[PDB]
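Chains: A, B, C, D, E, F and G, in written order; residue numbering restarts at 1 for each.
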Amino acid sequence: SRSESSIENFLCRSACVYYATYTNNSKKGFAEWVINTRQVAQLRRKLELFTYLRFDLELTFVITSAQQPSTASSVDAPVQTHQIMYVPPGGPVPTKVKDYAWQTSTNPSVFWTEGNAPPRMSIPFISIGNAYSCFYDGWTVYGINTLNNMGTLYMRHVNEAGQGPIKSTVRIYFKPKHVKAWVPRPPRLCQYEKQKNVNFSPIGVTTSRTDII
Amino acid sequence: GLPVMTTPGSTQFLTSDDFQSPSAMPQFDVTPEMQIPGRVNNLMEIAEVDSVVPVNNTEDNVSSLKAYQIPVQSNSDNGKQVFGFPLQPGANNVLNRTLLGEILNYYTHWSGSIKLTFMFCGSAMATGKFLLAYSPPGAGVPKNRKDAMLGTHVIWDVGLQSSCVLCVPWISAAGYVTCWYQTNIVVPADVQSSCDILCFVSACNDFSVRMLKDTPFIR
Amino acid sequence: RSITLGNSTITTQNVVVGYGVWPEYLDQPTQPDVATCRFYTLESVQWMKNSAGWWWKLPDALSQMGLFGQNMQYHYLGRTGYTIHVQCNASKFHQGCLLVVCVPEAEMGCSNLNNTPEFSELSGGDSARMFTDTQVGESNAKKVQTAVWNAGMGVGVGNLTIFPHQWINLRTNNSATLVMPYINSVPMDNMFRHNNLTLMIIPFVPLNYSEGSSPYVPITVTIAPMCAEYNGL
Amino acid sequence: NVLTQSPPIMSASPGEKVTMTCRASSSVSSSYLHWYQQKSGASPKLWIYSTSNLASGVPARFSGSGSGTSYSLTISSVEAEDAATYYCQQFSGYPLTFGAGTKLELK
Amino acid sequence: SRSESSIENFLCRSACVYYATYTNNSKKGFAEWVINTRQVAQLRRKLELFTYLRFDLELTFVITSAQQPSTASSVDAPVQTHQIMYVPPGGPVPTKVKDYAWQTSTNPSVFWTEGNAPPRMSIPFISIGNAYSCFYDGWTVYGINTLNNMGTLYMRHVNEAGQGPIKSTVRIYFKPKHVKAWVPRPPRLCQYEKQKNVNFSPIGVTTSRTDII
Amino acid sequence: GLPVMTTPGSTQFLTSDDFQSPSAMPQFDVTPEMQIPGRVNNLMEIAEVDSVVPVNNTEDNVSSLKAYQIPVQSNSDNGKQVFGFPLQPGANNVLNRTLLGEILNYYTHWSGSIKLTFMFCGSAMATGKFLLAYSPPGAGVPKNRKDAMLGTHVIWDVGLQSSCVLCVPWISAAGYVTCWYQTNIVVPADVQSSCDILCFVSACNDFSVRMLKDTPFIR
Amino acid sequence: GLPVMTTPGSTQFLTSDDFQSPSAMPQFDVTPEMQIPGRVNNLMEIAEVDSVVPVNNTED
């Protein structure tokens, strides 16, 4: 029973990494997420066991809505539709809801009505180098590594509101595929303090006992 | 056309599924491979290497490098306990944060054996003898040198060899690896007497894991 | 015994090689060999009683060492391998134990929780930086956190043996030898912005001696580049 | 991190058993808390280091204890030379903060 | 890595070309779009690199609705249905909502209820000549070329409103297929001023620097 | 009938998909082909042709045809800079709006080499000599004729040949193509002395692109 | 793509059906068998053994 410790069965799991809200009428309701691996603390520790990784990606969004308190007089709305835009590394970036960057041509986006299966999409391995780098001892600012930059995501409604505000949440799920690892490293002892860097506070090695015998 | 009929469990999102997925960016012409040294195919190959065991915790050496050294000195009593630690899995013991114990806190069922390498990091003129008594699960901890000799043991002479290897099973009472003074540390003139001992741990290569879970070494 | 390279010669007598591979060759690159393949002996550090440890950043420690320091500034890219010889000389009346490890991509953490360490405090130009056995303060601006029981990387110091390592035990051993290949994602990288290796020496069981013996044991590190090739016309 | 000792002024007759406390705001490790004794108009002296171990040349009447965030120093029998001011020290992060001080006046 | 510069991977992309609204009860709510390539400025510049093109077509409409403010008293409507008519070159043209040209026989149209996948349809290469012509130096009015005329599109509701007005938007997407190009041309320097013709204002060749050295 | 089960990602409109699509007008009997000359199969075949480089911008020649000519005259100083321009990609330089640079602003990653053809558009009786020093990425710009001679260079005699070809890599400091006066322009009587020089650019045929994006030469 | 057409009886949950079901925990590497004595293949093999009959009920 030695096969559940394989790399394909150790890292190819699904994990909630982001959770954001956006409303439709407030003229600054749209989500935002720069795709990285250092978001949640549990998935980060399983990825810093190795130094160089290489994987495809699979994202699945579980989008739901909830009615905000409107004014009066028989609120009725049809089914809603969301647009989940993906910006490649080095592309145009939106800044408002109604913007030029949404209707561009080289940003692949999905359109999804409510009441169906949730909208999966898959991102291939996009990098100039031959592998992602989980660590980088060198300057670009120290320890940044501008080579593994996978892109950003953007979500918004495409229905204009007529009688009632509607806010919606979204839980981005995350799943690597065809994982290859290289050069293993010892697991992190100290806690995780910041997102960008590997800064820490010093801690004892092990919990203590009363004597040696 | 072709008549179909959808079963239950159709428009659901199982988080542990496996289906063909639509690609977002086709015609990309992905970057090819490069032979990078040190590829890991299986997580047991991390645990096969040897790691130092913090077998000297005692509440004031945990924030130092004295957590890894066992103090050995030439006392006046014949027969005394050098150290001793249980093999009770994960219950705040000393094999918890080591490189073997950091992988086995991801799984819930595991079974196998363990190499236990010791090493005498002392002078080149000092001699002595040590017992390494291992008690099986079920039997009590030996409270004396004599009934530690009657159990299974390995007598370790420091003057001939400086590394004694002991192999022992570990399962998910569970055993003791207590060590006893046989004779004192005989040492010549103008040599220090306080020598130290390091301890190593590994996986014996035939052991399996099952039923992955998340680790408790987090907030 | 008595190996020579270029115009330099050392004397040896067990060698552990990398991750199982030997360092070998691959616009267009040029391969200089007659003037870089020699033993650049760094100067010796002293091991006292209450010592803590040392570290060198590897393509930074040879940045002023002769012709290899000239090819780092003239050529933009490049890739090398290394061959490290460590040997400390003590008598039969000393005792202790070192750990000679070679960490690839050893990203260190600053003392302040928000900043990143400056350039002069990560790597001393052909001079060994030192760990400490106490904490580094929080109030100073930008300095490397050098608590030795966390090895400066926020990791357990005992688990550092997963990297290619070699024990120096003064009872039976005297020297260590490492051979490290080129480990990087891109096939040819810059040599100023990046330090792809880090050689660490940590004393686990500290030095001890009687009264009368010499109170320090010097360590000598000798590095030699292997199969280097740069990029330019 | 701050240390608050209690009581600030404490009096005791010779022959009785007396105790003082030293309370921290956060959790301080048990090996990093020490006790000092400064007599009237003299330099201070180390009294108990690592919360339970006696210094060199101190009498055996003193004994410290406690763990977590509350530590205590108790005197078994009060004599005539141990009327002074006692401080407690800690270290969880920099800097090293001293206590307020407990004064012991004889009766 | 020389294959992303192929013509099949350079022009076969999706781009939003039109965006129009139409309501149901106002007796002049129906959309209109004459199919051309000179609509948006980014897709036009990628098509004027060549002179003669030849492609099939694929259109996909992302139709959503939004409730207009009705009067009172418990507005409830069933699911809506849209009709997207396609007029071939030289066919009948509607002018009101209720007209004879909608119920004709040789205008292929799609019918789509809300809450399903968006309604794709595909137009083959319809011309008398052997290739479309992106430029035409000659009279028919100067520079018109009445040979490449692909037809028009029309959208309307088919549900009559009973208690509440509903207006709807539509984003026509555009995707060539099996593209062949012929005779390449240098890329346009000046800005795009008008839709019909190639008129411009004179501009400098390059942005300037301070000296020659 | 046949039991099916829909996966997630079913009723979605991915803008970069590839599916079979229903035809609107069948039975049309489409117009067949005709052999029209000049078919383009790949966008690199546009960039292989040579284009004139506006290497003489200087803020008052951009609205003219003097943007393409380099002024060369017989001065009195020995050793002077004729022109010089960096190869820094896209950063307002002179290879930006050319026919090579107009395709490479559609992609984000590209690599290859470049042919650089010069041409002396002057009289038939005038002679001279020119250096064409190319500095590699990393080295500084040469500030003198002598240290431009020590770098890699090509000495171009005008009297023998009137076109000098120089090949050079270009990647996404990045280099300099500075040119220096070697000797003056010696010219006979009743001939003008102010001659001009054109400069061409091309693609060296082994270069690739990846990751298409949109162009920034628009509103 | 491939044109299909759903029959009646599509999105229903019949309690006595038989369909392929999606597994919740794949890559588990299930525990293998062991020869335990006394396997029952059919419920008639319980009824073949003999049992005592309470043929003397009479209420007390």
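Here, contacts are C-beta pairs under 8 Å (C-beta built on N, C-alpha and C of every residue); 3 or more make two chains touch, one makes a residue touch a chain.
Colleague: In terms of contact pairs by residue number, which of A-F, E-F or B-E shares over half with A-B?
Modeller: Of the listed pairs A-F, E-F or B-E, the one copying the A-B interface is E-F.
Colleague: Based on the averaged CA atom positions, which chain is farthest from subunit E?
Modeller: The most remote chain is D.
Colleague: Name whichever of B-G and A-B has more C-beta pairs touching across its two chains.
Modeller: Answer to which pair has more contacts is A-B.
Colleague: Nearest whole angstrom, what separates the Cα centre of subunit D from the Cα centre of subunit E?
Modeller: 86
Colleague: How many angstrom lie between the CA centroids of subunit C and subunit F, rounded to a whole number?
Modeller: 46
Colleague: From the C-alpha centre of subunit A to that of subunit D, how far is it in Å?
Modeller: 53
Colleague: Mind checking the centre-to-centre distance between subunit B and subunit D? Centres are C-alpha means, answer in whole Å.
Modeller: 41
Colleague: Would you mind listing the residues of subunit G that make contact with two or more other chains?
Modeller: Subunit G, residues with two or more chain partners: 4, 7, 19-20, 22, 28-29.
Colleague: Would you mind listing the residues of subunit C that make contact with two or more other chains?
Modeller: 19, 135, 149, 156-159, 162, 183, 185, 187
Colleague: What positions in subunit A touch 2 or more of the other chains?
Modeller: 1, 4, 9, 52, 60, 88, 104-106, 108, 111, 113, 116-118, 120-121, 126, 128-131, 183-184, 186-187, 189, 202-205
Colleague: Looking at the whole structure, which two-chain pairs count as touching?
Modeller: Once each pair is checked, the touching ones are A-B, A-C, A-E, A-F, A-G, B-C, B-D, B-E, B-F, B-G, C-D, C-F, E-F, F-G.
Colleague: Name, in rising order, each residue of subunit A that touches subunit E in their complex.
Modeller: It comes out as residues 73-74, 76-79, 81, 103-106, 111, 113, 115, 158-163.
Colleague: Hey, which residues of subunit B end up touching subunit F in the complex?
Modeller: 2-7, 9-13, 17, 19-26, 28-29
Colleague: Could you please specify the touching residues of subunit G with respect to subunit A in the complex?
Modeller: Counting only subunit G, the residues touching subunit A are 27-29.
Colleague: In the complex, go through subunit A and note every residue touching subunit B.
Modeller: 1-2, 4-7, 9-10, 13-14, 41-42, 45, 49-50, 52, 58, 60, 62, 86, 88, 108, 116-118, 120-131, 173, 180-184, 186-187, 189, 191, 202-213
Colleague: Write out the stretch or stretches of subunit B touching subunit G in their complex.
Modeller: 1-10, 14, 16-18, 210-211
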